[PDB]
Amino acid sequence: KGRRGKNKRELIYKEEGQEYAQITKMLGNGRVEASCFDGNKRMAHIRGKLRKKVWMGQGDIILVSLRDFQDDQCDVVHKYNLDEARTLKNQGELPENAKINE
Amino acid sequence: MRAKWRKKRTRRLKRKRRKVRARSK
Amino acid sequence: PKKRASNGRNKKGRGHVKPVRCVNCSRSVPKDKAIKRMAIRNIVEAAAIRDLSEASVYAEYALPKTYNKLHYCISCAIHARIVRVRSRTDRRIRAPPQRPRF
Amino acid sequence: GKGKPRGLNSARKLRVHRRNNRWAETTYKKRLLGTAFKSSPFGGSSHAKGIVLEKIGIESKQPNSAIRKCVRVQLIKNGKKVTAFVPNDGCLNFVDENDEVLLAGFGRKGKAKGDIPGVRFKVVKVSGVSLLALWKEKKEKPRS
Amino acid sequence: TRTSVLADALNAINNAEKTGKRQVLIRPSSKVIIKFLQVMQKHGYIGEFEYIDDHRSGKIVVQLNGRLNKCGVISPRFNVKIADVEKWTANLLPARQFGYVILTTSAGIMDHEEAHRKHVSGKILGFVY
RNA sequence: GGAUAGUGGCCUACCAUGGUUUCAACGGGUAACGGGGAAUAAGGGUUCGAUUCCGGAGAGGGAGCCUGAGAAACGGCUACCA
RNA sequence: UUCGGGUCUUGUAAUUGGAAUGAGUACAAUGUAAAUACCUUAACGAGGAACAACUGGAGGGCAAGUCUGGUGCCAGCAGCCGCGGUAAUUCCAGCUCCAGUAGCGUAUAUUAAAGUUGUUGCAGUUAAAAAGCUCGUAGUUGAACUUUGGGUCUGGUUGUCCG
RNA sequence: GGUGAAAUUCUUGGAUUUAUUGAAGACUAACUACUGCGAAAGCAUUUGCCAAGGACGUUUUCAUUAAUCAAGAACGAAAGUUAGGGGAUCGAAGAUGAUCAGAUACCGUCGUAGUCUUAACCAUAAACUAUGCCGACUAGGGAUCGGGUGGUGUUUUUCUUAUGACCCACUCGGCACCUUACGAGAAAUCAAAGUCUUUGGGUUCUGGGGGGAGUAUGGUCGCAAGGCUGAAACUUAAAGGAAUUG
RNA sequence: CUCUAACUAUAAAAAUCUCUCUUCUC
Ligand SMILES: [Mg+2]
Ligand SMILES: [Mg+2]
Ligand SMILES: [Mg+2]
Ligand SMILES: [Mg+2]
Ligand SMILES: [Mg+2]
Ligand SMILES: [Mg+2]
Ligand SMILES: [Mg+2]
Ligand SMILES: [Mg+2]
Ligand SMILES: [Mg+2]
Ligand SMILES: [Mg+2]
Ligand SMILES: [Mg+2]
Ligand SMILES: [Mg+2]
Ligand SMILES: [Mg+2]
Ligand SMILES: [Mg+2]
Ligand SMILES: [Mg+2]
Ligand SMILES: [Mg+2]
Ligand SMILES: [Mg+2]
Ligand SMILES: [Mg+2]
Ligand SMILES: [Mg+2]
Ligand SMILES: [Mg+2]
Ligand SMILES: [Mg+2]
Ligand SMILES: [Mg+2]
Ligand SMILES: [Mg+2]
Ligand SMILES: [Mg+2]
Ligand SMILES: [Mg+2]
Ligand SMILES: [Mg+2]
Ligand SMILES: [Mg+2]
Ligand SMILES: [Mg+2]
Ligand SMILES: [Mg+2]
Ligand SMILES: [Mg+2]
Ligand SMILES: [Mg+2]
Ligand SMILES: [Mg+2]
Ligand SMILES: [Mg+2]
Ligand SMILES: [Mg+2]
Ligand SMILES: [Mg+2]
Ligand SMILES: [Mg+2]
Ligand SMILES: [Mg+2]
Ligand SMILES: [Mg+2]
Ligand SMILES: [Mg+2]
Ligand SMILES: [Mg+2]
Ligand SMILES: [Mg+2]
Ligand SMILES: [Mg+2]
Ligand SMILES: [Zn+2]
């Protein structure tokens with residue numbers, strides 16, 4: 001079904017109100033919940049341009065933007081596919097308390 | 001759903017709740 | 001939508017009819033929606049009459065025939081080709097298939 | 001034919017029978033039962049003053065994706081809690097939570113308009129002044 | 001059971017007229033049908049018609065000329081004021097240039113225009129045009 | 001018979017067992033004072049009527065009463081309750 | 001013969017004049033119990049006549065843009081259908097244009113639309129809906145027939161011939 | 001045996017068949033149909049008894065006694081519940097041997113309650129013709145069931161009449177059918193779903209978008225299962241009907 | 001313008017499916 005579709009990138013760093021987070025489990029209705037690297041478990045919504053275009057699963061470091069009025073929830077934006085996640089761990093912008101390897 | 005089995009499910013629920021009523025007294 | 005004006009039952013003014021078991025799968029069906037065939041056959045097949053004819057006492061024996069109706073559930077009647085899935089304007093023709101040989 | 005009575009002296013049933021079937025129209029049932037007075041936090045009011053608690057973002061339905069900037073509020077007139085919508089672009093950050101806000105209807109007779117689930121009401125006036133006045137830069141929030 | 005014989009009479013008339021017949025057999029044949037048909041006939045929707053004795057309720061057979069278009073009966077004979085006559089004329093008759101609402105009056109069976117000129121009004125029976 | 005200005009279970013004494021009701025009594029609700037009316041409009045209707053007019057009721061809630069032709073008054077009293 | 005007189009008119013111009021006048025002031029007078037205000041009226045009071053008209057809207061419903069720039073399934077709009085994921089006629093602005101106009105915009109009610117409460121005037125096979133069937137009180141409705149024709153006179157009201 | 005193939009299971013104590021018998025309860029095959037009866041459920045061996053009913057015939061009898069019908073009532077498939085009786089077949093539960101990834105499902109064998117009864121509850125079914133009942137009219141065609149009509153009719157046969165059974169032309173009533181639209185419907189279709197905007201024969205009972213939900217609650221009947229009655233808060237722009245082309 | 005005769009015989013297993021829905025005016 002690729003004929004119906006629209007048919008080596010680089011990482012993007014967090015910028016003043018967004019954070020890298022690790023998904024802990026995938027929730028229904030299209031939602032998800034992720035630990036932000038602050039000691040907090042936030043509730044992320046899979047944003048548009050993202051829903052059924054690029055997938056994500058458990059144990060995947062992924063960028064999420066916060067909403068300034070209600071910190072308890074947030075919306076996920078940009079995914080990182082398992083190789084620039086190591087780079088993210090390397091550059092040290094986020095604490096390395098969470099290593100994810102298989 | 002078949003309406004038949006939904007009716008059966010609610011019916012069994014009623015039976016359990018009325019047994020709860022009876023045991024409570 | 002009412003598929004058949006005769007309701008596909010042929011009861012029409014009887015309330016309820018005794019049920020009869022199918023001959024193949026033994027499904028009970030009303031004795032009117034109970035597609036039914038007169039299985040009249042010679043006790044011996046015509047392919048083997050001659051062997052009987054010239055090797056038997058009682059010259060010019062009757063060679064009787066075996067008689068029985070067959071009652072099918074309509075599922076069997078359709079799968080076992082007893083009844084075909086006819087077309088619309090051809091449904092309202094009830095005459096048997098033109099007396100197979102005449 | 002037309003299986004309702006037609007004799008001169010049948011008037012009674014023609015009234016009472018109608019007096020039964022009127023209970024089918026939801027408008028009539030609401031009007032006689034006064035369900036607008038027990039439920040529907042607006043006790044028949046077209047507007048009510050409440051206190052805002054927190055500013056929320058609410059998702060949208062399937063064909064439309066966007067974060068609608070809604071807002072919780074507890075109504076003074078009864079104490080109930082409802083959710084309302086901020087009906088312009090740059091106006092959520094006009095609310096200044098723990099603020100007196102005047103709520104109105106929302107364009108569908110006590111229902112949910114469009115793609116904002118679980119809401120029933122607009123927002124018209126914030127801190128006395130009307131919100132559209134702020135969004136047009138005609139008047140300014142008192143900030144008191 | 002049969003309730004208003006006039007309704008059955010006019011229903012037979014309309015049915016047999018629509019099919020294009022020329023004669024109609026009215027079965028019960030009570031006073032009101034006879035008066036109705038004399039009013040009809042003097043207006044001209046009907047030709048030379050006939051009553052029959054039967055020692056019981058009689059019978060009618062009525063000739064047509066195809067002049068008629070539709071007849072009908074307002075079975076619950078409503079009380080009409082002298083004012084409400086215009087209401088029925090508007091609601092039943094096609095156009096006031098013709099048509100006749102037939103009602104029973106203190107004078108007797110009578111079409112609406114006769115009722116208005118005699119300045120009397122009673123209960124309505126039917127409508128013909 | 002009392003009491004009323006006067007009929008009246010209006011009340012008292014002695015009697016009788018009656019009274020109403022599926023033609024909706026009794027009960028419950030009314031964010032209902034009733035009405036003249038207002039909005040609405042092919043005709044038929046639907047909704048509203050706190051309020052410019054007419055009646056009724058009330059002067060915080062209930063009760064009691066003097067004066068006076070007229071009040072159970074309330075910008076008049078007595079008592080209880082808030 | 002291409003013309004071109006614009007010969008006759010209409011419009012369009014930051015070109016250009018002189019007329020006319022109120023909103024506002026205000027002599028007064030009237031108006032009123034006293035007064036305000038109106039109705040008159042001296043003198044003042046228009047040039048960008050800044051003495052400035054807003055309110056909604058231009059995808060359809062529904063009159064009006066496939067113009068410009070911005071955002072880029074975000075913000076937001078949208079009563080409903082839907083617009084927005086890099087060329088947005090739907091957001092946000094600018095320019096044009098539409099509708100009503102000192103009015104217009106909302107929200108909750110209610111009315112017509114609604115023949116979607118149907119008495120006039122609804123549907124009941126499958127779209128919601130005909131009690132499983134029958135009896136039956138109340139209710140509702142309930143066969144036909146008992147003085148119709150004739151004759152006269154006469155009051156008028158209409159259109160006759162018209163005096 | 002049994003199946004698509006197989007296994008479980010019974011079998012030299014001889015299973016399977018081969019004959020006679022006998023027991024039990026079951027049902028009444030084939031006759032069996034676009035045929036009959038009944039209000040509906042439903043009803044199928046024979047015979048007798050008991051009562052009943054439709055339709056037809058009637059120059060018989062009474063004279064509005066009629067129709068539908070809230071309230072009230074009687075029946076009411078199967079399953080179910082009591083209790084007592086029976087206990088074949090077949091089979092919910094359970095036990096099994098297969099298939100499969102799993103299959104405690106469909107196929108396969110055993111097997112409890114039921115299935116059949118006797119008195120009493122249950123009163124629901126797609127209890128469907130998904131068409132309420134009583135009336136009148138409207139178009140052509142046939143047969144079919146019940147009755148009654150007339151044949152210079154046929155065979156019947158008892159010489160001949162009588163019956164019966166048939167043939168014809170009927171007629172009244174019943175289940176229905178075919179053709180058609182000149183009527184309707186949105187259509188599928190309907191001889192009524194026609195006689196409805198040219199809108200009125202008499203009458204009951206139901207519905208007002210879909211969900212929430214026949215759910216919540218209160219009654220009410222029932223031992224119980226549950227039945228009748230019966231919402232709302234709230235949530236949505238559809239759900240749905242018929243047909244067309246893929 | 002005379003008529004009413006033939007007939008056969010199959011079934012094992014097969015679960016699920018991520019977008020993207022877009023005008024008709026001469
Ligand atoms: Mg491509
Ligand atoms: Mg999201
Ligand atoms: Mg019958
Ligand atoms: Mg058949
Ligand atoms: Mg009132
Ligand atoms: Mg009032
Ligand atoms: Mg007053
Ligand atoms: Mg007073
Ligand atoms: Mg006060
Ligand atoms: Mg005095
Ligand atoms: Mg007082
Ligand atoms: Mg006073
Ligand atoms: Mg005092
Ligand atoms: Mg100006
Ligand atoms: Mg706008
Ligand atoms: Mg504008
Ligand atoms: Mg337009
Ligand atoms: Mg653009
Ligand atoms: Mg714009
Ligand atoms: Mg109207
Ligand atoms: Mg409707
Ligand atoms: Mg359905
Ligand atoms: Mg349906
Ligand atoms: Mg039904
Ligand atoms: Mg029925
Ligand atoms: Mg009665
Ligand atoms: Mg009569
Ligand atoms: Mg043996
Ligand atoms: Mg038999
Ligand atoms: Mg028979
Ligand atoms: Mg009843
Ligand atoms: Mg049983
Ligand atoms: Mg197994
Ligand atoms: Mg099992
Ligand atoms: Mg089994
Ligand atoms: Mg077995
Ligand atoms: Mg039912
Ligand atoms: Mg509904
Ligand atoms: Mg439901
Ligand atoms: Mg209950
Ligand atoms: Mg369909
Ligand atoms: Mg899976
Ligand atoms: Zn079968």
# chains A, B, ... in the order shown; residues from 1 in each chain; ligands from 1
$ select_by_dssp --residues "chain C" --states "alpha helix (DSSP H)" --output "JSON, numbers by chain"
{"C": [49, 50, 51, 52, 53, 74, 75, 76, 77, 78, 79]}
$ write_last_selection --atoms "N, CA, C and O atoms" --output "PDB file, in the first residue's frame"
ATOM      1  N   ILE C  49     -27.794 -54.564 -15.726  1.00  0.00           N
ATOM      2  CA  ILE C  49     -28.978 -55.400 -15.900  1.00  0.00           C
ATOM      3  C   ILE C  49     -28.642 -56.646 -16.706  1.00  0.00           C
ATOM      4  O   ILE C  49     -29.107 -57.748 -16.390  1.00  0.00           O
ATOM      5  N   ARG C  50     -27.815 -56.501 -17.743  1.00  0.00           N
ATOM      6  CA  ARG C  50     -27.602 -57.608 -18.669  1.00  0.00           C
ATOM      7  C   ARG C  50     -26.999 -58.810 -17.961  1.00  0.00           C
ATOM      8  O   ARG C  50     -27.431 -59.949 -18.183  1.00  0.00           O
ATOM      9  N   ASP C  51     -26.015 -58.578 -17.091  1.00  0.00           N
ATOM     10  CA  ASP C  51     -25.439 -59.678 -16.327  1.00  0.00           C
ATOM     11  C   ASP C  51     -26.520 -60.381 -15.520  1.00  0.00           C
ATOM     12  O   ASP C  51     -26.561 -61.615 -15.460  1.00  0.00           O
ATOM     13  N   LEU C  52     -27.420 -59.613 -14.910  1.00  0.00           N
ATOM     14  CA  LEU C  52     -28.545 -60.216 -14.210  1.00  0.00           C
ATOM     15  C   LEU C  52     -29.476 -60.920 -15.187  1.00  0.00           C
ATOM     16  O   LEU C  52     -29.998 -62.002 -14.894  1.00  0.00           O
ATOM     17  N   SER C  53     -29.682 -60.324 -16.362  1.00  0.00           N
ATOM     18  CA  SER C  53     -30.731 -60.793 -17.262  1.00  0.00           C
ATOM     19  C   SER C  53     -30.467 -62.208 -17.754  1.00  0.00           C
ATOM     20  O   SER C  53     -31.384 -63.034 -17.814  1.00  0.00           O
ATOM     21  N   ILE C  74     -32.569 -27.095   3.233  1.00  0.00           N
ATOM     22  CA  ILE C  74     -32.247 -26.364   2.015  1.00  0.00           C
ATOM     23  C   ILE C  74     -30.747 -26.160   1.882  1.00  0.00           C
ATOM     24  O   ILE C  74     -30.235 -26.009   0.767  1.00  0.00           O
ATOM     25  N   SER C  75     -30.015 -26.155   2.994  1.00  0.00           N
ATOM     26  CA  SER C  75     -28.565 -26.068   2.897  1.00  0.00           C
ATOM     27  C   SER C  75     -28.013 -27.238   2.094  1.00  0.00           C
ATOM     28  O   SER C  75     -27.246 -27.052   1.141  1.00  0.00           O
ATOM     29  N   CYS C  76     -28.428 -28.454   2.444  1.00  0.00           N
ATOM     30  CA  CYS C  76     -28.010 -29.622   1.682  1.00  0.00           C
ATOM     31  C   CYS C  76     -28.542 -29.550   0.262  1.00  0.00           C
ATOM     32  O   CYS C  76     -27.843 -29.899  -0.693  1.00  0.00           O
ATOM     33  N   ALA C  77     -29.778 -29.082   0.106  1.00  0.00           N
ATOM     34  CA  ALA C  77     -30.378 -28.994  -1.217  1.00  0.00           C
ATOM     35  C   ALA C  77     -29.579 -28.100  -2.139  1.00  0.00           C
ATOM     36  O   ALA C  77     -29.559 -28.315  -3.357  1.00  0.00           O
ATOM     37  N   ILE C  78     -28.935 -27.083  -1.586  1.00  0.00           N
ATOM     38  CA  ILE C  78     -28.155 -26.179  -2.413  1.00  0.00           C
ATOM     39  C   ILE C  78     -26.771 -26.750  -2.649  1.00  0.00           C
ATOM     40  O   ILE C  78     -26.274 -26.764  -3.779  1.00  0.00           O
ATOM     41  N   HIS C  79     -26.133 -27.247  -1.591  1.00  0.00           N
ATOM     42  CA  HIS C  79     -24.774 -27.738  -1.758  1.00  0.00           C
ATOM     43  C   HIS C  79     -24.738 -29.025  -2.565  1.00  0.00           C
ATOM     44  O   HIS C  79     -23.877 -29.195  -3.432  1.00  0.00           O
TER      45      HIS C  79
END
$ residues_near_ligand --ligand "ligand 15" --cutoff "12 Å" --atoms "only C-alpha atoms (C1' of nucleotides) and all ligand atoms" --output "PyMOL selection string"
(chain D and resi 88-89) or (chain G and resi 56-58+76-78+90-93)
$ write_last_selection --atoms "N, CA and C atoms (P, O5', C5', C4', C3', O3' and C1' of nucleotides)" --output "PDB file, in the first residue's frame"
ATOM      1  N   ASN D  88     -11.364  32.763  20.634  1.00  0.00           N
ATOM      2  CA  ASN D  88     -10.477  33.488  19.724  1.00  0.00           C
ATOM      3  C   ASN D  88      -9.053  32.984  19.857  1.00  0.00           C
ATOM      4  N   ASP D  89      -8.176  33.457  18.980  1.00  0.00           N
ATOM      5  CA  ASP D  89      -6.824  32.929  18.893  1.00  0.00           C
ATOM      6  C   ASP D  89      -6.009  33.158  20.153  1.00  0.00           C
TER       7      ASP D  89
ATOM      8  P     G G  56     -18.889  42.396  15.504  1.00  0.00           P
ATOM      9  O5'   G G  56     -19.183  41.792  14.063  1.00  0.00           O
ATOM     10  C5'   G G  56     -18.954  40.424  13.783  1.00  0.00           C
ATOM     11  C4'   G G  56     -19.873  39.937  12.696  1.00  0.00           C
ATOM     12  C3'   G G  56     -19.203  39.200  11.553  1.00  0.00           C
ATOM     13  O3'   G G  56     -19.008  37.834  11.857  1.00  0.00           O
ATOM     14  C1'   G G  56     -20.726  40.801  10.703  1.00  0.00           C
ATOM     15  P     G G  57     -17.719  37.060  11.312  1.00  0.00           P
ATOM     16  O5'   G G  57     -17.976  36.945   9.748  1.00  0.00           O
ATOM     17  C5'   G G  57     -18.960  36.060   9.247  1.00  0.00           C
ATOM     18  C4'   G G  57     -19.298  36.378   7.818  1.00  0.00           C
ATOM     19  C3'   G G  57     -18.183  36.186   6.808  1.00  0.00           C
ATOM     20  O3'   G G  57     -18.053  34.837   6.405  1.00  0.00           O
ATOM     21  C1'   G G  57     -19.263  38.258   6.432  1.00  0.00           C
ATOM     22  P     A G  58     -16.701  34.326   5.714  1.00  0.00           P
ATOM     23  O5'   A G  58     -16.787  34.886   4.227  1.00  0.00           O
ATOM     24  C5'   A G  58     -17.799  34.439   3.339  1.00  0.00           C
ATOM     25  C4'   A G  58     -17.542  34.900   1.928  1.00  0.00           C
ATOM     26  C3'   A G  58     -16.119  34.713   1.434  1.00  0.00           C
ATOM     27  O3'   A G  58     -15.921  33.424   0.904  1.00  0.00           O
ATOM     28  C1'   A G  58     -16.824  36.911   0.980  1.00  0.00           C
ATOM     29  P     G G  76      -5.058  28.947  19.998  1.00  0.00           P
ATOM     30  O5'   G G  76      -6.190  29.780  19.257  1.00  0.00           O
ATOM     31  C5'   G G  76      -7.224  29.121  18.546  1.00  0.00           C
ATOM     32  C4'   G G  76      -7.331  29.643  17.140  1.00  0.00           C
ATOM     33  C3'   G G  76      -8.685  29.505  16.476  1.00  0.00           C
ATOM     34  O3'   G G  76      -9.614  30.482  16.897  1.00  0.00           O
ATOM     35  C1'   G G  76      -7.034  28.770  14.992  1.00  0.00           C
ATOM     36  P     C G  77     -11.125  30.057  17.229  1.00  0.00           P
ATOM     37  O5'   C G  77     -11.840  30.124  15.817  1.00  0.00           O
ATOM     38  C5'   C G  77     -11.603  31.223  14.961  1.00  0.00           C
ATOM     39  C4'   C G  77     -12.021  30.908  13.555  1.00  0.00           C
ATOM     40  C3'   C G  77     -13.415  30.344  13.398  1.00  0.00           C
ATOM     41  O3'   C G  77     -14.417  31.336  13.463  1.00  0.00           O
ATOM     42  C1'   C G  77     -11.911  29.071  12.112  1.00  0.00           C
ATOM     43  P     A G  78     -15.748  31.073  14.316  1.00  0.00           P
ATOM     44  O5'   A G  78     -16.504  29.947  13.487  1.00  0.00           O
ATOM     45  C5'   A G  78     -16.791  30.136  12.110  1.00  0.00           C
ATOM     46  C4'   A G  78     -17.094  28.832  11.419  1.00  0.00           C
ATOM     47  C3'   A G  78     -18.175  27.989  12.061  1.00  0.00           C
ATOM     48  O3'   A G  78     -19.465  28.414  11.681  1.00  0.00           O
ATOM     49  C1'   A G  78     -16.314  26.634  11.573  1.00  0.00           C
ATOM     50  P     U G  90      -9.054  30.533   2.344  1.00  0.00           P
ATOM     51  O5'   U G  90     -10.533  30.309   2.877  1.00  0.00           O
ATOM     52  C5'   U G  90     -11.306  31.409   3.341  1.00  0.00           C
ATOM     53  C4'   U G  90     -11.935  31.118   4.676  1.00  0.00           C
ATOM     54  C3'   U G  90     -10.966  30.664   5.755  1.00  0.00           C
ATOM     55  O3'   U G  90     -11.443  31.101   7.020  1.00  0.00           O
ATOM     56  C1'   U G  90     -12.525  28.944   5.320  1.00  0.00           C
ATOM     57  P     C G  91     -11.128  32.591   7.519  1.00  0.00           P
ATOM     58  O5'   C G  91     -10.118  32.382   8.725  1.00  0.00           O
ATOM     59  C5'   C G  91     -10.539  31.728   9.910  1.00  0.00           C
ATOM     60  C4'   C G  91      -9.360  31.393  10.780  1.00  0.00           C
ATOM     61  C3'   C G  91      -8.382  32.534  10.996  1.00  0.00           C
ATOM     62  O3'   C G  91      -8.759  33.340  12.094  1.00  0.00           O
ATOM     63  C1'   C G  91      -7.208  30.598  10.310  1.00  0.00           C
ATOM     64  P     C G  92      -8.857  34.931  11.940  1.00  0.00           P
ATOM     65  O5'   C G  92      -7.799  35.468  12.995  1.00  0.00           O
ATOM     66  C5'   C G  92      -6.600  34.755  13.233  1.00  0.00           C
ATOM     67  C4'   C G  92      -5.404  35.526  12.745  1.00  0.00           C
ATOM     68  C3'   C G  92      -5.704  36.815  12.008  1.00  0.00           C
ATOM     69  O3'   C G  92      -5.986  37.877  12.894  1.00  0.00           O
ATOM     70  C1'   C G  92      -4.043  35.595  10.848  1.00  0.00           C
ATOM     71  P     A G  93      -6.928  39.094  12.448  1.00  0.00           P
ATOM     72  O5'   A G  93      -6.197  39.691  11.170  1.00  0.00           O
ATOM     73  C5'   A G  93      -5.847  41.061  11.118  1.00  0.00           C
ATOM     74  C4'   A G  93      -4.569  41.269  10.351  1.00  0.00           C
ATOM     75  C3'   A G  93      -4.697  42.056   9.065  1.00  0.00           C
ATOM     76  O3'   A G  93      -4.742  43.446   9.292  1.00  0.00           O
ATOM     77  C1'   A G  93      -3.418  40.127   8.665  1.00  0.00           C
TER      78        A G  93
END
$ residues_near_ligand --ligand "ligand 3" --cutoff "9 Å" --atoms "only C-alpha atoms (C1' of nucleotides) and all ligand atoms" --output "list in words"
residues 13 and 14 of chain C; 37, 38, 174 and 175 of chain H
$ write_last_selection --atoms "N, CA and C atoms (P, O5', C5', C4', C3', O3' and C1' of nucleotides)" --output "PDB file, in the first residue's frame"
ATOM      1  N   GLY C  13     -51.454 -20.236   5.820  1.00  0.00           N
ATOM      2  CA  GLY C  13     -52.784 -20.594   6.270  1.00  0.00           C
ATOM      3  C   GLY C  13     -52.850 -21.894   7.038  1.00  0.00           C
ATOM      4  N   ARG C  14     -51.813 -22.180   7.814  1.00  0.00           N
ATOM      5  CA  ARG C  14     -51.760 -23.406   8.593  1.00  0.00           C
ATOM      6  C   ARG C  14     -51.238 -23.211  10.001  1.00  0.00           C
TER       7      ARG C  14
ATOM      8  P     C H  37     -61.506 -25.133   6.260  1.00  0.00           P
ATOM      9  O5'   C H  37     -61.387 -25.718   7.732  1.00  0.00           O
ATOM     10  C5'   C H  37     -62.292 -26.706   8.191  1.00  0.00           C
ATOM     11  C4'   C H  37     -62.046 -27.027   9.638  1.00  0.00           C
ATOM     12  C3'   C H  37     -61.894 -25.824  10.545  1.00  0.00           C
ATOM     13  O3'   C H  37     -63.134 -25.281  10.937  1.00  0.00           O
ATOM     14  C1'   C H  37     -60.149 -27.335  10.969  1.00  0.00           C
ATOM     15  P     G H  38     -63.291 -23.698  11.073  1.00  0.00           P
ATOM     16  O5'   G H  38     -62.540 -23.368  12.434  1.00  0.00           O
ATOM     17  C5'   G H  38     -62.951 -23.989  13.636  1.00  0.00           C
ATOM     18  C4'   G H  38     -61.915 -23.851  14.719  1.00  0.00           C
ATOM     19  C3'   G H  38     -61.502 -22.440  15.081  1.00  0.00           C
ATOM     20  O3'   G H  38     -62.434 -21.814  15.937  1.00  0.00           O
ATOM     21  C1'   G H  38     -59.584 -23.799  14.886  1.00  0.00           C
ATOM     22  P     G H 174     -65.225 -15.534   2.778  1.00  0.00           P
ATOM     23  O5'   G H 174     -64.319 -16.832   2.893  1.00  0.00           O
ATOM     24  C5'   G H 174     -64.165 -17.491   4.135  1.00  0.00           C
ATOM     25  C4'   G H 174     -63.076 -18.525   4.064  1.00  0.00           C
ATOM     26  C3'   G H 174     -61.825 -18.114   3.308  1.00  0.00           C
ATOM     27  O3'   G H 174     -60.947 -17.334   4.094  1.00  0.00           O
ATOM     28  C1'   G H 174     -62.497 -20.259   2.606  1.00  0.00           C
ATOM     29  P     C H 175     -59.763 -16.504   3.400  1.00  0.00           P
ATOM     30  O5'   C H 175     -58.628 -17.589   3.149  1.00  0.00           O
ATOM     31  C5'   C H 175     -58.003 -18.247   4.238  1.00  0.00           C
ATOM     32  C4'   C H 175     -57.105 -19.360   3.768  1.00  0.00           C
ATOM     33  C3'   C H 175     -55.991 -18.957   2.823  1.00  0.00           C
ATOM     34  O3'   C H 175     -54.879 -18.415   3.504  1.00  0.00           O
ATOM     35  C1'   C H 175     -57.062 -20.901   2.012  1.00  0.00           C
TER      36        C H 175
END
$ residues_near_ligand --ligand "ligand 9" --cutoff "12 Å" --atoms "only C-alpha atoms (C1' of nucleotides) and all ligand atoms" --output "list in words"
residues 58, 59, 60 and 61 of chain F
$ residues_around --residues "residue 48 of chain D" --least-positions-apart "3" --cutoff "10 Å" --atoms "only C-alpha atoms (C1' of nucleotides)" --output "ChimeraX atom specification"
/D:41-43,45,75-78,101-105
$ closest_residue --among "G:80, G:44, G:102, G:73" --to "chain A" --atoms "only C-alpha atoms (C1' of nucleotides)"
G:73
$ residues_near_ligand --ligand "ligand 16" --cutoff "12 Å" --atoms "only C-alpha atoms (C1' of nucleotides) and all ligand atoms" --output "number ranges by chain"
G: 54-58, 64, 94-99
$ closest_residue --among "H:74, H:207, H:22, H:112" --to "ligand 21" --atoms "only C-alpha atoms (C1' of nucleotides) and all ligand atoms"
H:207
$ closest_atom_pairs --of "chain H" --to "chain E" --cutoff "8 Å" --atoms "only C-alpha atoms (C1' of nucleotides)" --output "tab-separated table"
residue	atom	partner	partner_atom	distance
H:66	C1'	E:1	CA	7.0
H:67	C1'	E:1	CA	6.0
H:134	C1'	E:1	CA	5.2
H:135	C1'	E:1	CA	4.6
H:136	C1'	E:8	CA	5.4
H:137	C1'	E:12	CA	5.0
H:138	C1'	E:15	CA	6.0
H:195	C1'	E:15	CA	6.3
H:198	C1'	E:70	CA	6.5
H:200	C1'	E:74	CA	5.0
H:201	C1'	E:7	CA	6.1
H:202	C1'	E:3	CA	6.1
$ residues_near_ligand --ligand "ligand 2" --cutoff "6 Å" --atoms "only C-alpha atoms (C1' of nucleotides) and all ligand atoms" --output "list in words"
residues 45, 46, 47, 48 and 75 of chain A
$ write_last_selection --atoms "C-alpha atoms" --output "compact mmCIF listing (two decimals), in the first residue's frame"
# COMPACT_ATOMS: atom_id res chain seq x y z
CA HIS A 45 -0.47 12.57 23.06
CA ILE A 46 0.66 11.36 19.65
CA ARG A 47 0.51 14.52 17.58
CA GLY A 48 -0.73 14.90 14.02
CA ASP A 75 2.34 16.06 23.19
$ residues_around --residues "residue 94 of chain H" --least-positions-apart "2" --cutoff "12 Å" --atoms "only C-alpha atoms (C1' of nucleotides)" --output "count of residues only"
7
$ interface_residues --of "chain H" --to "chain B" --cutoff "12 Å" --atoms "only C-alpha atoms (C1' of nucleotides)" --output "ChimeraX atom specification"
/H:213-216,224-226
$ write_last_selection --atoms "C-alpha atoms (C1' of nucleotides)" --output "PDB file, in the first residue's frame"
ATOM      1  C1'   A H 213     -32.013   1.090  27.273  1.00  0.00           C
ATOM      2  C1'   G H 214     -36.237  -2.056  27.811  1.00  0.00           C
ATOM      3  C1'   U H 215     -31.189  -0.166  31.512  1.00  0.00           C
ATOM      4  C1'   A H 216     -31.936   2.964  36.534  1.00  0.00           C
ATOM      5  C1'   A H 224     -37.624 -18.879  41.251  1.00  0.00           C
ATOM      6  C1'   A H 225     -36.500 -17.872  36.341  1.00  0.00           C
ATOM      7  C1'   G H 226     -38.521 -13.544  34.971  1.00  0.00           C
TER       8        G H 226
END
